[PDB]
């Protein structure tokens, strides 16, 4: 998270850290007792390595009572997801067992009505992604409040030149933005999950290249299908 603040410990109990060989890769969001929603291309180049989902965390390294690790029993990517496109950038991870729920571990209600978040709405994006262009990896959870950007502006040739479909959404990226590692992380508006940070490589912190987030409501039927 570029231009953010360290988040209040365990204030976002839905926050998950998708890790490979005990190293953070992507953010994730607890949507059910045994399901974590993330971005499609997070497990890319993972291959030979231990994939695990860290729950109840604030510091990635320090001991915390709430901190628990889960094996991934099943990894369900969206059927139409491909590394060449930023489209259908969703991944549903089934944990080995149901999450031990508590004040620091709680699933987030996600948007089940396909209606765009009104431009200018302030949304909260959190994660353990890089905090500066050099690439500083933060130990503790960071977060930033960003206003939702009008798709028309976002699709300008100077911006994402039409790449932003009706299934995607934008947020402002003027210094304060999401970045490498924030992928698969949640975009929350009015305490409801609205978007999922894309896992597609992009330029961060430049205002003319807005942050891209997958609209969960746009994939509500698929998510329901998998979870059931």
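If you superpose the two forms and keep the largest set of C-alpha atoms that fall within 1.5 Å, you have the rigid core. Numbering follows the first chain given and starts at 1.
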Checklist entry - Do the Cα atoms of 102-110 stray more than those of 77-85 in 6 other deposited structures of this protein, or is it the other way round, with the core held fixed? => result 77-85
Next on the checklist: Using the rigid core for superposition, please say which stretch has the greater CA deviation in 6 other deposited structures of this protein, 199-207 or 62-70.
Outcome noted: 199-207
Next on the checklist: Does the comparison with other PDB entries of this protein show residue 45 lacking coordinates in a third or more of them, where both adjacent residues are built?
Outcome noted: yes
Next on the checklist: Comparing average C-alpha B factors as deposited, tell me which of 133-141 and 78-86 sits higher.
Outcome noted: 78-86
Next on the checklist: Tell me which stretch has the larger mean Cα B-factor in this entry, 180-188 or 41-49.
Outcome noted: 41-49
Checklist entry - What third of its chain, lowest, middle or highest, does the C-alpha temperature factor of residue 9 fall into? => result middle
Item to check | residue 125 - which third its CA temperature factor falls in, relative to the rest of the chain | outcome: highest
Checklist outcome for this item: Temperature factor at the Cα of residue 72, chain-ranked in thirds, falls in the lowest
Checklist entry - Thinking about Cα B factors across the chain, which third does residue 64 belong to? => result lowest
Item to check | Chain thirds of CA B-factor: placement of residue 95 | outcome: middle
